[PDB]
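Included below are structure tokens for two forms of one protein chain, each presented in isolation as structure 1 and structure 2.
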Structure 1
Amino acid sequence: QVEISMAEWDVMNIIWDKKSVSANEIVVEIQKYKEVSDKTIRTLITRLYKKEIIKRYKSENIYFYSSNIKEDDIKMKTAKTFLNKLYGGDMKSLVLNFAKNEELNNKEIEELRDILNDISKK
């Protein structure tokens, strides 16, 4: 149980960044870097709140929201489902789809290669 949609993820990225944050601030931020209207943001917040994925307290009559889920855990679960469905659960398939579409430049390919070498055992 517990799933977070890609649209909800925009709200979660704001929340996980702050100790607590108002719905207005969430709305502002999503808009500072993307589309998404006030109405849809609020709907996202309410859904997440109703599912207890986030929590809130009220101070001087304002609601301030905080995460109620471990970011690392739901990320892994969500990514795993993603990889399974789109890439047969194969990391190489995703990475290759990216190279072939020029979504990884030469230096990014080398940096990534270096990283993988670093955590390799051979």
Structure 2
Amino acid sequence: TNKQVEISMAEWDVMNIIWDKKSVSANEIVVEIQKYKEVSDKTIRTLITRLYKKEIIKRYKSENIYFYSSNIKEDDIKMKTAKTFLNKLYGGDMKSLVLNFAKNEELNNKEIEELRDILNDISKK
């Protein structure tokens, strides 16, 4: 038995990379994340170490280098995070959140329609 599966806000950047590349080396994660923000190799490795310790990822040695892989279902931890978020910011109501989106004009009719599409597509049995 265990508890709360945790992913600090800054940790998602590491996990999204681990989930996206299935099996990766710290160095890899490090270069990938730098491709879009100023972060030190050490900092990222701390995140890596921390995830590894919370057991959200596992590893094995390949050459003499460590390669990491997810030890948690992505769809599940993101979904749990999202409900938390939705409850706190909208009393868990996708409507209330999709409506706050249109309102603040964070969506152009092109995206509004693509959505309405896919979404109409889901209702379709």
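Residues that one form lacks are left out of the comparison. Between two forms, the rigid core is defined as the largest C-alpha subset superposing within 1.5 Å. Structure 1's sequence is the ruler for residue numbers, which start at 1.
* Residue among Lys34, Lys77, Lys85, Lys70 whose Cα moves 2 Å or more between structure 1 and structure 2, once the rigid core is superposed -> Result of the superposition: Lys34 is the only one at 2 Å or more.
* **Backbone CA shift between structure 1 and structure 2, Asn24, after core fitting (angstrom)** => Value for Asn24 between structure 1 and structure 2: 0.7 Å of C-alpha shift.
* Asked: Can you list, in sequence order, the runs of 3 or more consecutive shared residues with C-alpha shifts of 2 Å or more between structure 1 and structure 2 on the rigid core?
  -> Shifted runs of three or more residues, which all move 2 Å or more: 33 to 40, 114 to 122.
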